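First up is the structure itself, then whatever we jot down about it.
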Ligand SMILES: Nc1ncnc2c1ncn2[C@@H]1O[C@H](COP(=O)(O)OP(=O)(O)O)[C@@H](O)[C@H]1O
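Protein chains in written order, with the working numbering: chain A, 1 to 457; chain B, 1001 to 1460; chain C, 2001 to 2047; chain D, 3001 to 3143; chain E, 4001 to 4023; chain F, 5001 to 5602.
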């Protein structure tokens, strides 16, 4: 039933501190209910109740507390949590951080209201994602393959072409209808236009929804921006059977809003001063993915994050690492050499590749090829590190073949055009024509049956 | 005499981790003990950590789960925590609170003693002098333990400090040219396999008729571990200073004790020292460790060998750090030597014994002992340096002398340190092995030994 | 493997700064050794 | 108190348990009352079950030290009688001469650790094979 | 910094409560 | 007195409640009109603070808070096996059935066991009216599964004499199956008992551990063995393989039942288990059967409410102790104790308690200590004698991938086995990624008696394996400064057999049909051949380097390249296609081929 009871409105602001405003005399505060604030000048803001205690409600104000006042500020308590109007009508539209429209279209008519927090998908109803998506990118489809409904982030150093990679996935991704949710947090306008323009250049724009929060929009709205995106993705996938892909852009600029809120609340700090709940907060984003029984929908997530000081062990990538189905890494050591897309296969993995490949999904050889490509690429890096100290005169002929493998591999397997789509089969054949650099017996990861069917060609 | 009846309160105004907050209390004492009776009628002891007017903060030994802010009948004793003691505590096992865990009755007291002990007057401390052969060359030769010394075994997690301590408990005794130790053992927070290992070893060696084990297993409540070492030391002081026994006190893991002070200190909102331990950790550890050594007019003497799980393998962690300031050296057990299969893994270099120089010389030992130890120690140190050089500058850059220090290092670990679990080597046999290793170098290289001592013991 | 694992402390910062100066000094000394030998070697080649 | 981590009440309750079970086992293998050397080595426990005492009365007698009350000794004593009960149960159509039981009892009583013994392994193998055939359907394998 | 911040807040709470107790 | 108080305040997973005078600490309490489930963490007057095992968003001040007297507790009985439960014991299959939802609703109260199922009960026949009975006595079997006979037993707190016992027949969780009397007071029981998860289920004794916890992985079972009744940790960074070890133990081990505990884990893990385990099969007595019949899952996915991670871990061990008391050799996958410690960080943060290292509460070390030490091999309670065991394996997940982590630092002080995973191996896709330098097992001294009895050759091989694998790293620190030309022939042989043992023994691709599992006979056969090559190659050099006719590693490789290729090929032998005698015969032929080749070099 609808909430029929008339809304209260309080002037009883009794403190303000950082992004918090503390009400008093509140009649039965509800934890996590939303409050609208009117400032003395008639400006409207919104905020969530973070704590309640007897008559007190601690409200965090999304649009910042600057201009909140202890006498004239009016808080309309809405009486419920942060619901969002959702509809399939949100495809082909663009929204601000808090889900207000910015494409000059009207306010969304709700086909329903959903709780922004979503719900924990029941582990019994969840279906283990296995139907492969070809992204078209050899460094993915060959060695890091993505299942329909996987969650797998793209990690990057700063300034790397990770935007162009995500754009290419949103230009080439498909199975062996489809729709995209896109969200960006703390993005610069010089990149917001790139994403919006790319969905026009790909012709895709009619099947995609962009939630944009820019670096000069309010930082606390970034907390809800990816949650709005996921709530829309749940409506499209689980209510409407759409094969949804969710792009979350700079989870780092989201994580910085967590660190800010944490410091402002005085929460117990984990590594680098992120809140203790950092893992759970990231899970509350990243777990809304994968198929569920009876529903043909399948939320896939490709978060993107700039790793601070390029450090893989930083809390943002590292906690994301524990949650996601493996990770795709983009590297300066490739990008400086103009090797687009600069995806370094070696540190990458996909947890679901194990079941997304082989007969009925991909050619029989694929799993064996992937492992042997890791083996040779890795040994190539090891002999390169040897050559950099002791010179090529210390290397055996086989060690020089592993060095040549790494060179030929990066120039052919990883190197691909920004608009070039390669099938998995073409990627595997490039894999084999590189593996043929060694004698058949040297391919120690591959069984003799696979070698007899696929090595000689 | 307690001629006045005990009060009892149902005024538990809060319960907060290991803390129970009484109120309306009449004239409480600091460090007084209470018997909490739960809703189900079960008994838990506690001790008052703070008082202010009507309010008293009780620490609860058996843990706080089930305590109730209306039903909990809390009975004050009127007095501080005095343990019963008697000689009948030898040949037995007790929990950390001091109750029996064998089939036998409660302790029939010959007296009651405050578990804090009482400060021994510095004037009355007779200085330690008799060296104990532990039977392990690395702590009979290059280091030694005086009867009355405080010398702990520092060890990282997973190392064989249990096997060292039990090997000492089997082997250890005075130098030969009724007398054996009563071993008081306290386990704090031990894993079951450790509990079994000691509990079995004392019985399997047949020496059980003269030992007393306080056990606190890891699954026993945290706060009991605060009492456990002080309780054991109070048994040790009774047996030694009132009954003339030579007592050996083994504390199995002072880290699981320090963590118990951390847990209650954190719950008290106390200002922390480094790593969040209470700032009073030093004085607290001192009231445990300093309770050792012979006293005026007694024959009796307590030797302490506390054992200490170095957290994260770090010698500079506050628990071993503060311990090193209080204890008269340390014995250091090393991951590196353990990985090399060197049992016991005693790294002789950071190992130190402040009293050792006074425990050695003619009539105490063979007269060479001091000189041999200093030379061997410096040789092992130069050995580790040339071992690093073998990588940094290469084997081909080593001189014949550096190669002799490298040969010394290898042979020394293989023969000096490596004991086996039952070889009770004499001090004399250890110095013979010492010379057999020193014999590797030319006589003139042995710059730490006087030429008289060399002329007597190098040409052997 | 990747790091020396001296335990984080102002001690370790002191020792590692001294190790860095030692290693950079050792690099430059052995680089001077190499250059001196390289000059002699190039003279020997011409001779 | 506190033995093995049991409260006093639990410890005595386990003792009263072992007493009652030893008596059941003896009554099961020897309704004839003819395994007399075996029976004598349990008369001190069996008497409290042969008499119609209430549970808590045997408990209070154990607390008073009147009943046998070493739970470990009662466990070894119980095990010896149990493994003979397993033997007898495994061969019900063939129950052997009573002195062969008292002979095998002596061999078990002499053992340093019966629980580790090949005797217990042989009994486990018999129970596995037997319990399967009590339930398995007619097939060449099962015949 | 965090442990000292919490100690300082606990002291501020205790001061406020101690002044309320003057009534 | 009131049965309920009222919510005085809320902050994330913490709810304060007024009018709670006479509450007990760690009492289980319902919160809110929707009846959220929680547990009292602190008392502060006539007022209580409750940790809530569901998300509190939506709770209001002045909502009812309903006491229950009971502490957090689990229903134990028939119908546990094959099920999946959340951290507060709700059976997810029945939630799915009753709600038809994709998600678990807030406020669900579904019974922990399916009280409608009539199970087949077989009373012990030994019991009768008037017989004496005590906690841990098996009053009857229930034929729950073709594998696991459920052995119902008197609750450990209970004792008395049999007033009534049910005849053989079909009964459920509400049907009275047994009735006792004690001190003139009667006590009825159904087949379901209830136990406080925070209280250890007691035992007659905890014995030493002395039978290997057989695991599919070569490197684990050979070089760092776990033992039935022993603890273990698998600290590893993200993507290191610790979860696949945890799967592999569950899929393939000599454990009689497995409790798997998905504490704060990614949701697809539970789906993968529920996808794979009904389809994978073991065999008993000539009947092939689905391994799910020997498992249960406790799940609490990473996005489920933080507090429930604590209840999940305690549920997983309390279930494990229940099956231990039946005499099963239980195993229990604590699938991340760091994500558990992070839940203790959260509650501590809300309580404003003083943190130890990295924000963790000071009692973290004490909670972990009193958890892993619930393992053991035990003389069960009660009369029919059983030797059950719990083996606990904890997938610690160190923040930043660094073992200076406080969870690791505590865990290593408790566990008797360390399987430290290396991210650099996982990057190379070397798996399982066990670092053989830092890993250790304390159980070797106990297990050596089993190896002496069944595998007398093994202890020499295990020793030579560990030594070669250390000598590799000793050589590497030299080679990286001068180059491989510095190596003696003994050192080249060392590095080569280390490469065999690394790439063909320690490496194991556990999803493939051939690396799926590895019997001990296959494992020792592989290692025996590799070390036989080491000793023979070393002997050949030592025999001939005394002369100008010196054998070298290159001479061996050029004469014996096929033998190196055969040695590498050993891993591909498949237990489904090849019998133990067939694999052993192939390995004997490799030993003979090596011997005849070396006899031609010498
Ligand atoms: N034993 C293995 N055999 C083959 N591949 C493995 C193995 N261990 C790890 N990998 C691959 O790496 C992935 C990451 O390891 P996993 O245990 O699943 O993640 P995590 O370490 O975070 O818990 C595995 O799911 C699998 O795809």
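Cβ coordinates follow ideal geometry from the N, Cα and C atoms, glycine included.
Where residue i falls, given that 16 or more other Cβ within 10 Å makes a residue buried
{"i": "residue 3116/D", "result": "exposed"}
{"i": "residue 3110/D", "result": "exposed"}
{"i": "residue 456/A", "result": "exposed"}
{"i": "residue 1357/B", "result": "exposed"}
{"i": "residue 5546/F", "result": "exposed"}
{"i": "residue 2017/C", "result": "exposed"}
First and last residue of the uninterrupted alpha helix (DSSP H) at residue i
{"i": "residue 1338/B", "result": "1335 to 1339"}
{"i": "residue 5039/F", "result": "Unbroken run through residue 5039/F is the beta strand (DSSP E), 5036 to 5043; no alpha helix (DSSP H)."}
Member of the options whose CA lies at the smallest distance from the CA of residue i
{"i": "residue 5510/F", "options": "5332/F, 5248/F and 5192/F", "result": "5248/F"}
{"i": "residue 1008/B", "options": "1023/B, 1001/B and 1014/B", "result": "1023/B"}
{"i": "residue 5267/F", "options": "5113/F, 5102/F and 5393/F", "result": "5102/F"}
{"i": "residue 5600/F", "options": "5551/F, 5568/F and 5578/F", "result": "5551/F"}
{"i": "residue 1073/B", "options": "1035/B, 1025/B and 1108/B", "result": "1035/B"}
{"i": "residue 3137/D", "options": "5055/F, 5286/F, 5088/F and 5046/F", "result": "5286/F"}
{"i": "residue 1119/B", "options": "1344/B, 1248/B and 1237/B", "result": "1237/B"}
{"i": "residue 5118/F", "options": "5483/F, 5171/F and 5583/F", "result": "5171/F"}
{"i": "residue 5456/F", "options": "5520/F, 5410/F, 5496/F and 5427/F", "result": "5520/F"}
{"i": "residue 1235/B", "options": "1041/B, 1117/B, 1444/B and 1449/B", "result": "1117/B"}
{"i": "residue 1226/B", "options": "1018/B, 1169/B, 1175/B and 1345/B", "result": "1018/B"}
Continuous beta strand (DSSP E) stretch holding residue i: start and end
{"i": "residue 5195/F", "result": "5193 to 5196"}
{"i": "residue 1401/B", "result": "Not the beta strand (DSSP E): residue 1401/B falls in the alpha helix (DSSP H), residues 1400 to 1412."}
{"i": "residue 1035/B", "result": "1032 to 1037"}
{"i": "residue 5261/F", "result": "5257 to 5263"}
8 Å Cβ cutoff, residue i in contact with chain B
{"i": "residue 3003/D", "result": "yes"}
{"i": "residue 2034/C", "result": "no"}
Residue-level contact to chain E via CB, residue i, 8 Å cutoff
{"i": "residue 5355/F", "result": "yes"}
Chain C contact for residue i (CB, 8 Å cutoff)
{"i": "residue 1314/B", "result": "yes"}
Interface flag, residue i vs chain D, CB-CB below 8 Å
{"i": "residue 5254/F", "result": "no"}
Any chain F beta carbon closer than 8 Å to residue i
{"i": "residue 123/A", "result": "yes"}
{"i": "residue 139/A", "result": "no"}
{"i": "residue 1055/B", "result": "no"}
{"i": "residue 3076/D", "result": "no"}
Short CB-CB distance (under 8 Å) between residue i and chain A
{"i": "residue 5103/F", "result": "yes"}
Please output, in chain order, the residues near ligand 1 using a CB cut-off of less than 5 Å to any non-hydrogen atom of the ligand. 351/A, 354/A, 5238/F, 5239/F, 5240/F, 5241/F, 5242/F, 5243/F, 5244/F, 5431/F, 5432/F, 5509/F and 5510/F
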